[PDB]
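The next block holds one structure in the form of structure tokens; read it before the comments.
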Ligand SMILES: *[C@@H]1O[C@H](CO)[C@@H](O[C@@H]2O[C@H](CO)[C@@H](O[C@@H]3O[C@H](CO[C@H]4O[C@H](CO[C@H]5O[C@H](CO)[C@@H](O)[C@H](O)[C@@H]5O)[C@@H](O)[C@H](O[C@H]5O[C@H](CO)[C@@H](O)[C@H](O)[C@@H]5O[C@H]5O[C@H](CO)[C@@H](O)[C@H](O)[C@@H]5O)[C@@H]4O)[C@@H](O)[C@H](O[C@H]4O[C@H](CO)[C@@H](O)[C@H](O)[C@@H]4O)[C@@H]3O)[C@H](O)[C@H]2NC(C)=O)[C@H](O)[C@H]1NC(C)=O
Ligand SMILES: *[C@@H]1O[C@H](CO)[C@@H](O[C@@H]2O[C@H](CO)[C@@H](O[C@@H]3O[C@H](CO[C@H]4O[C@H](CO[C@H]5O[C@H](CO)[C@@H](O)[C@H](O)[C@@H]5O)[C@@H](O)[C@H](O[C@H]5O[C@H](CO)[C@@H](O)[C@H](O)[C@@H]5O[C@H]5O[C@H](CO)[C@@H](O)[C@H](O)[C@@H]5O)[C@@H]4O)[C@@H](O)[C@H](O[C@H]4O[C@H](CO)[C@@H](O)[C@H](O)[C@@H]4O)[C@@H]3O)[C@H](O)[C@H]2NC(C)=O)[C@H](O)[C@H]1NC(C)=O
Ligand SMILES: *[C@@H]1O[C@H](CO)[C@@H](O[C@@H]2O[C@H](CO)[C@@H](O[C@@H]3O[C@H](CO[C@H]4O[C@H](CO[C@H]5O[C@H](CO)[C@@H](O)[C@H](O)[C@@H]5O)[C@@H](O)[C@H](O[C@H]5O[C@H](CO)[C@@H](O)[C@H](O)[C@@H]5O[C@H]5O[C@H](CO)[C@@H](O)[C@H](O)[C@@H]5O)[C@@H]4O)[C@@H](O)[C@H](O[C@H]4O[C@H](CO)[C@@H](O)[C@H](O)[C@@H]4O)[C@@H]3O)[C@H](O)[C@H]2NC(C)=O)[C@H](O)[C@H]1NC(C)=O
Ligand SMILES: *[C@@H]1O[C@H](CO)[C@@H](O[C@@H]2O[C@H](CO)[C@@H](O[C@@H]3O[C@H](CO[C@H]4O[C@H](CO)[C@@H](O)[C@H](O[C@H]5O[C@H](CO)[C@@H](O)[C@H](O)[C@@H]5O)[C@@H]4O)[C@@H](O)[C@H](O[C@H]4O[C@H](CO)[C@@H](O)[C@H](O)[C@@H]4O)[C@@H]3O)[C@H](O)[C@H]2NC(C)=O)[C@H](O)[C@H]1NC(C)=O
Ligand SMILES: *[C@@H]1O[C@H](CO)[C@@H](O[C@@H]2O[C@H](CO)[C@@H](O[C@@H]3O[C@H](CO[C@H]4O[C@H](CO)[C@@H](O)[C@H](O[C@H]5O[C@H](CO)[C@@H](O)[C@H](O)[C@@H]5O)[C@@H]4O)[C@@H](O)[C@H](O[C@H]4O[C@H](CO)[C@@H](O)[C@H](O)[C@@H]4O)[C@@H]3O)[C@H](O)[C@H]2NC(C)=O)[C@H](O)[C@H]1NC(C)=O
Ligand SMILES: *[C@@H]1O[C@H](CO)[C@@H](O[C@@H]2O[C@H](CO)[C@@H](O[C@@H]3O[C@H](CO[C@H]4O[C@H](CO)[C@@H](O)[C@H](O)[C@@H]4O)[C@@H](O)[C@H](O)[C@@H]3O)[C@H](O)[C@H]2NC(C)=O)[C@H](O)[C@H]1NC(C)=O
Ligand SMILES: CCCCCCCCCCCCCCCCCCCC(=O)O[C@H](COC(=O)CCCCCCCCCCCCCC)COP(=O)(O)OCCN
Ligand SMILES: CCCCCCCCCCCCCCCCCCCC(=O)O[C@H](COC(=O)CCCCCCCCCCCCCC)COP(=O)(O)OCCN
Ligand SMILES: *[C@@H]1O[C@H](CO)[C@@H](O[C@@H]2O[C@H](CO)[C@@H](O)[C@H](O)[C@H]2NC(C)=O)[C@H](O)[C@H]1NC(C)=O
Ligand SMILES: *[C@@H]1O[C@H](CO)[C@@H](O[C@@H]2O[C@H](CO)[C@@H](O)[C@H](O)[C@H]2NC(C)=O)[C@H](O)[C@H]1NC(C)=O
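Protein chains in written order, with the deposited numbering: chain C, 127 to 149; chain B, 127 to 149; chain D, 792 to 982; chain L, 891 to 982; chain H, 841 to 890; chain I, 59 to 116.
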């Protein structure tokens with residue numbers, strides 16, 4: 127007997143935008 | 127603008143057993 | 792204005808339209824550090840130890856959002872040391888200041904943080920952190936001579952140098968007494 | 891008396907430095923102008939000499955000779971220790 | 841100024857908070873540190889090392 | 059005796075040279091560390107422009 131856990135790929139989309147002058 | 131792909135964890139269970147003498 | 796803050800720094804504001812405003816000293820979920828940004832995700836996930844949810848689809852209307860002009864800003868090289876030794880929020884430049892005026896502003900203040908008999912190792916470690924970006928070879932050297940006075944033995948050399956530093960006035964005094972003997976003893980040999 | 895003994899220690903410790911002598915001397919003049927106008931005009935002159943005359947080469951020279959002070963003493967001491975021995979090794 | 845004797849009151853069920861006690865070690869020369877700044881200045885944290 | 063007298067002489071010379079070198083090593087360190095600090099103060103500092111795309115890490 128030998129139980130194991132194999133990792134399987136995935137992903138989450140992340141958009142980013144700027145803030146001119148930090149305002 | 128800046129589009130990115132962040133990895134997110136997951137897993138698949140995998141059981142294994144033996145074959146005495148290779149028969 | 793500049794102001795010293797505690798590390799690690801994390802600030803996350805949930806916006807009403809369903810995005811998040813992030814400013815953080817460290818990376819998570821691919822978000823760059825130090826520069827702020829408006830963040831949106833296509834599927835619920837945990838970032839900076841809290842849940843960033845996917846927003847509800849919206850209908851597009853005519854916008855009235857402002858678009859400010861962009862702006863490059865040059866800061867003094869040692870802005871971190873200037874903000875630290877004030878212990879309050881302090882003015883460091885103007886938007887439209889010259890290289891010359893900007894520098895001649897904390898220079899006298901900064902020069903008078905000189906080496907002392909009582910914290911040479913702690914001083915030498917500041918000089919390294921200040922020199923690292925300019926001359927990395929020198930930094931690594933200074934850092935070494937720092938840890939020698941602090942660490943090697945039980946810091947006995949640090950102790951020895953600290954003490955020989957404070958004795959300086961006594962040593963001169965003795966030194967002067969030796970000359971006054973030597974001169975007389977020499978003159979009282981010549982025929 | 892109380893009013894004066896209030897920023898005196900603070901103010902005394904804004905002393906002359908090897909790294910901004912010209913910028914210091916120009917403060918001393920502005921501070922002295924109302925008290926002693928003759929001295930101010932002098933100090934202001936010796937200010938502009940270290941800053942302006944040539945390409946400020948004298949400012950540079952004095953700034954550098956200021957930072958070298960510890961090396962010079964060290965050498966000076968080595969000369970005496972030679973001179974004394976060389977002198978004592980002339981006397982019969 | 842005059843500290844007056846208060847009027848007798850009737851006892852009801854209380855909801856007053858009881859905070860935890862706390863020892864706090866300050867620097868030996870805290871008075872000289874506060875004096876040469878001439879503003880209200882941060883000197884330690886609750887849970888800082890010597 | 060002569061060896062003991064010679065030893066005392068040689069010891070004193072090495073003891074003198076020992077100090078006169080330490081005087082030169084400390085003196086040189088103070089000069090160089092203080093100049094570098096002066097140069098550190100007058101270097102050009104960083105630039106900030108609020109551009110996120112510029113700071114992307116893959
Ligand atoms: C597709 O098909 C394939 C088959 O073609 C499927 O693969 C087969 O799947 C089976 C599961 O249904 C596996 O069976 C399981 O095997 C486990 C491991 O067995 C070995 O270890 C045992 C424990 O060993 C340790 O602990 C003991 C003390 O307890 C120590 O002494 C040891 O040193 C170890 O530390 C051990 O008992 C087993 O020994 C037996 O087999 C070996 C040969 O393989 C012999 O040499 C031994 O003599 C012994 O066999 C005899 O004695 C036993 C009783 O002791 C009898 O049962 C035998 O008939 C025989 O007389 C192994 O060394 C087991 O742990 C596991 O036990 C479960 O079921 C029992 C009841 O039967 C329960 O009591 C347990 O609690 C537990 O639930 C089970 O038997 C097959 O190995 C595997 N076959 C192959 C070839 O890989 C596959 O899954 C299928 N796939 C799909 C998708 O369907
Ligand atoms: C929650 O709310 C927040 C808001 O609080 C939402 O975030 C906001 O989302 C908006 C999307 O709806 C974003 O707008 C988009 O910005 C994009 C990027 O804009 C910049 O780059 C542009 C291109 O630059 C490159 O290319 C040009 C040549 O084409 C070169 O010259 C450059 O060098 C670059 O290489 C550029 O045009 C923009 O410039 C404008 O803005 C800056 C300041 O930010 C000014 O300095 C500029 O002067 C200029 O503004 C003036 O001029 C423009 C026209 O040129 C006018 O529109 C202005 O009114 C003003 O007069 C930036 O530098 C854009 O690409 C993108 O364009 C889309 O839409 C247009 C039509 O409007 C189409 O034509 C395009 O094809 C494209 O589809 C869009 O405008 C906001 O940035 C963002 N706000 C913030 C603060 O982050 C968030 O999404 C919300 N969340 C949810 C869940 O709802
Ligand atoms: C105007 O308003 C103000 C309020 O704004 C009024 O002032 C308040 O008046 C109250 C009287 O009504 C005072 O309450 C009384 O406090 C007494 C002292 O409490 C302290 O000491 C206790 C004993 O400590 C010694 O002994 C123990 C062993 O028994 C040892 O372990 C110790 O080392 C000491 O040797 C101690 O129990 C108390 O501890 C509690 O409070 C502190 C914080 O102050 C906490 O750190 C503790 O954890 C603890 O709080 C928790 O646990 C207790 C139970 O143990 C709970 O009750 C709490 O809710 C909490 O979970 C203090 O260190 C008390 O002796 C006195 O007890 C009387 O009442 C009880 C029943 O409640 C009886 O059983 C007793 O027999 C006794 O009659 C009472 O509580 C307020 O202190 C005071 N407030 C302030 C801020 O000053 C003022 O009077 C008003 N004026 C007018 C005119 O009306
Ligand atoms: C606001 O905007 C101003 C203007 O851009 C910024 O100030 C300028 O910063 C830049 C970039 O750091 C400096 O560029 C360097 O220029 C020198 C040459 O300078 C000489 O010639 C200039 C000709 O126009 C002249 O303006 C200068 O005059 C100033 O300086 C003298 C001397 O101190 C002073 O007396 C005057 O009163 C003026 O203050 C001066 O005569 C050049 O040598 C540099 O070259 C380097 O960089 C380039 C490009 O990378 C490289 O190719 C070279 O090899 C070398 O490494 C560099 O181009 C500029 O001198 C600054 N100008 C002023 C007026 O200060 C300011 O930083 C912005 N402020 C803020 C807050 O953001
Ligand atoms: C918050 O709470 C902390 C923890 O209590 C307070 O800090 C402690 O203060 C006490 C009291 O002033 C100090 O007690 C002394 O301890 C030394 C021995 O210290 C050594 O052994 C410790 C073993 O646990 C170890 O933790 C120490 O490690 C620290 O120091 C080293 C060296 O600088 C440093 O490298 C480490 O990183 C740690 O910082 C250390 O190895 C002991 O010699 C003292 O004895 C005197 O007092 C007793 C009792 O009166 C007396 O019997 C003796 O004769 C002698 O007079 C004394 O017990 C303790 O060292 C402090 N601990 C730390 C971690 O700093 C802190 O003050 C509180 N903060 C605030 C803001 O209130
Ligand atoms: C992060 O930014 C991304 C841009 O790089 C966003 O992707 C865009 O999201 C919109 C959502 O409205 C998509 O629009 C959909 O388009 C499909 C069909 O695609 C075709 O037509 C569109 C125009 O309608 C065109 O842009 C495409 O090129 C295709 O030709 C429709 O079925 C939908 O109903 C909807 O109209 C954009 O297609 C998409 N653009 C790109 C370049 O991928 C993304 O949504 C952002 N993510 C987050 C988390 O905010
Ligand atoms: C038990 C251990 C064994 C004993 C070891 C010692 C044996 C000594 C033998 C006898 C000789 C005595 C020598 C006398 C030394 C006196 C030290 C003087 C220190 C001193 O006054 O300097 C002040 C503080 O700096 C300081 O005090 C910093 C001093 C320098 C620290 C760094 C030492 C490491 C040097 C590394 C050398 C390699 C580097 C590359 C060349 C600043 O000077 P100032 O008072 O003029 O004021 C200038 C403006 N503030
Ligand atoms: C290429 C050009 C030609 C070369 C010219 C130079 C040739 C020199 C020839 C060899 C002789 C060398 C002489 C050694 C001079 C060393 C200077 C020491 C400076 C120094 O240590 O002073 C410190 C900073 O002041 C300063 O550094 C300020 C120094 C004075 C600046 C003003 C000079 C103008 C004088 C005008 C004279 C007329 C006025 C009326 C009499 C402060 O002193 P401290 O370290 O003891 O600390 C006291 C508490 N901070
Ligand atoms: C969110 O965006 C990610 C982009 O990583 C989407 O991932 C894709 O999912 C499809 C299945 O529909 C896969 O076939 C693709 O290979 C994935 N693309 C990648 C990894 O680039 C994901 O589907 C989106 N999630 C939601 C809920 O819309
Ligand atoms: C296959 O097994 C993997 C084990 O890696 C399962 O992964 C878990 O999935 C749940 C979601 O239901 C997560 O909360 C756990 O953290 C995962 N466990 C891990 C990574 O150890 C996976 O769900 C299984 N897949 C199927 C289809 O049953």
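Cβ coordinates follow ideal geometry from the N, Cα and C atoms, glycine included.
Item to check | Amino acids of chain C, ordered along the chain, whose beta-carbon sits closer than 8 angstroms to that of residue 110 of chain I | outcome: Ordered by position in chain C, the residues that pass the 8 angstroms Cβ test against residue 110 of chain I are 142, 143, 144.
Checklist entry - Just reading off the alpha helix (DSSP H) that residue 98 of chain I is part of, what are its end residues? => result Element bounds for residue 98 of chain I: 60-100.
Checklist entry - Shorter than 8 angstroms from the beta carbon of residue 830 of chain D to some beta carbon of chain C? => result Yes, contact with chain C.
Checklist entry - From D/873, D/907, D/879, pick the residue whose C-alpha is nearest to that of residue 898 of chain D; which is it? => result Closest by alpha carbon: D/873.
Item to check | Where residue 902 of chain D meets chain L, residues with beta-carbon distance less than 7 angstroms | outcome: Near residue 902 of chain D (Cβ distances below 7 angstroms), the residues of chain L are 907, 909, 910.
Next on the checklist: Just to check my reading of the structure: residue 146 of chain C and residue 859 of chain D have Cβ atoms closer than 8 angstroms, yes? What is that Cβ distance to the nearest angstrom?
Outcome noted: Contact between residue 146 of chain C and residue 859 of chain D holds, with the beta-carbon distance rounding to 4 angstroms and staying under 8 angstroms.
Next on the checklist: I'd like the list of long-range same chain contacts for residue 800 of chain D, defined as Cβ closer than 6 angstroms, with 5 residues on each side in sequence excluded.
Outcome noted: Around residue 800 of chain D: 816.
Item to check | Contacts of residue 977 of chain D in chain L (Cβ-Cβ under 9 angstroms) | outcome: Within 9 angstroms Cβ-Cβ: 974, 977, 978, 981.
Item to check | Opening and closing residue of the beta strand (DSSP E) in which residue 131 of chain B lies | outcome: That run of the beta strand (DSSP E) goes 129-132.
Item to check | Every unbroken alpha helix (DSSP H) within the segment 872-939 of chain D, with a cutoff of 4 residues, ordered by chain | outcome: Counting only runs of 4 or more, we get 890-894, 898-902, 911-922.
Checklist entry - Helix, strand or coil: which one does DSSP assign to residue 793 of chain D? => result Strand.
Item to check | Beta-bridge pairing of residue 828 of chain D - partner residues as DSSP gives them | outcome: Paired residues: D/813.
Item to check | For residue 905 of chain D and residue 893 of chain D, the rounded distance between their alpha carbons | outcome: Using only the alpha carbons, I get a separation of about 21 angstroms.
Item to check | Collapsed DSSP secondary structure at residue 843 of chain D in the structure displayed | outcome: Judged by DSSP in its simplified three-state form, residue 843 of chain D adopts strand.
Next on the checklist: How far does the alpha helix (DSSP H) with residue 854 of chain H in it extend, from its first residue to its last?
Outcome noted: According to the DSSP assignment, residue 854 of chain H belongs to no alpha helix (DSSP H), since it is labelled neither H nor E.
Next on the checklist: Within 10 Å of its beta-carbon, does residue 115 of chain I have 16 or more other beta-carbons around it, so buried, or fewer, so exposed?
Outcome noted: When all chains shown are included, residue 115 of chain I counts as exposed.
Checklist entry - Taking Cβ positions, are residue 902 of chain D and residue 72 of chain I nearer each other than 8 angstroms? => result Not in contact: residue 902 of chain D and residue 72 of chain I (Cβ atoms no closer than 8 angstroms).
Next on the checklist: Just to confirm the assignment, what range does the beta strand (DSSP E) spanning residue 140 of chain B have?
Outcome noted: First-last of the beta strand (DSSP E) with residue 140 of chain B: 138-141.
Checklist entry - Apart from the five residues on each side of it in sequence, which residues of its chain come closer than 6 angstroms, Cβ to Cβ, to residue 884 of chain D? => result Shown here for residue 884 of chain D: same chain residues with a beta carbon closer than 6 angstroms to its own, the five before and five after excluded, namely 893 in chain order.
Next on the checklist: Distance check for residue 143 of chain B and residue 131 of chain C, CA to CA, integer angstroms please.
Outcome noted: When the Cα atoms are used, residue 131 of chain C and residue 143 of chain B turn out to be separated by approximately 15 angstroms.
Next on the checklist: Closest to residue 915 of chain L by C-alpha separation, out of L/924, L/939, L/895, would be which residue?
Outcome noted: Out of L/924, L/939, L/895, L/939 has the C-alpha closest to the C-alpha of residue 915 of chain L.
Next on the checklist: Whole angstroms are fine: how far does the CA of residue 95 of chain I sit from the CA of residue 935 of chain L?
Outcome noted: The C-alpha of residue 935 of chain L lies about 29 angstroms from the C-alpha of residue 95 of chain I.
Item to check | Simplified DSSP assignment, three categories, for residue 802 of chain D | outcome: Look at residue 802 of chain D here: in three-state DSSP terms it is strand.
Item to check | chain D within 8 angstroms of residue 91 of chain I, Cβ atoms only | outcome: Yes, its Cβ sits closer than 8 angstroms to a Cβ of chain D.
Item to check | Segment limits, beta strand (DSSP E) that includes residue 836 of chain D | outcome: Counted as a single uninterrupted DSSP element, the beta strand (DSSP E) harbouring residue 836 of chain D occupies residues 836-838.
Checklist entry - Does the segment 83-94 of chain I touch the segment 804-820 of chain D, meaning 3 or more C-beta pairs lie closer than 8 angstroms? => result Using a Cβ-Cβ distance cut-off of 8 angstroms, the segment 804-820 of chain D and the segment 83-94 of chain I are not in contact, since fewer than three pairs of beta carbons, one from each stretch, lie closer than that value.
Next on the checklist: With a threshold of 7 angstroms (Cβ to nearest heavy atom), would residue 116 of chain I be considered close to ligand 10?
Outcome noted: False, no ligand heavy atom lies under 7 angstroms from that Cβ.
Next on the checklist: Applying the 10 Å Cβ sphere with the 16-neighbour rule, what's the burial state of residue 843 of chain D?
Outcome noted: Buried: at least 16 other Cβ atoms inside 10 Å.
Checklist entry - How would you list, in chain order, the residues of chain I whose beta-carbon sits under 9 angstroms from the beta-carbon of residue 147 of chain C? => result Taking a Cβ-Cβ threshold of 9 angstroms, the residues of chain I close to residue 147 of chain C are 108, in chain order.
Checklist entry - If the cut is a Cβ gap below 8 angstroms, which residues of chain I does residue 865 of chain D touch? => result Under the 8 angstroms cutoff, chain I gives 102, 103, 104, 105.
Checklist entry - Is residue 973 of chain D closer than 8 angstroms to residue 968 of chain L when the C-beta atoms are compared? => result It is not a contact, given that the beta carbons lie outside the stated cut-off.
Next on the checklist: Taking CB distances under 8 angstroms as the criterion, tell me whether residue 99 of chain I reaches chain D.
Outcome noted: True, the Cβ-Cβ gap to chain D drops below 8 angstroms.
Checklist entry - Straight-line CA distance for residue 942 of chain L to residue 921 of chain D? => result A direct Cα-Cα distance of roughly 31 angstroms separates residue 942 of chain L from residue 921 of chain D.
Checklist entry - Which stretch, first to last residue, makes up the alpha helix (DSSP H) that contains residue 974 of chain D? => result Looking at the DSSP string, the run of the alpha helix (DSSP H) that includes residue 974 of chain D is 947-978.
Next on the checklist: According to DSSP, is residue 865 of chain D part of a helix, a strand, or is it coil?
Outcome noted: In the structure shown, residue 865 of chain D sits in a strand (DSSP, three-state: E or B).
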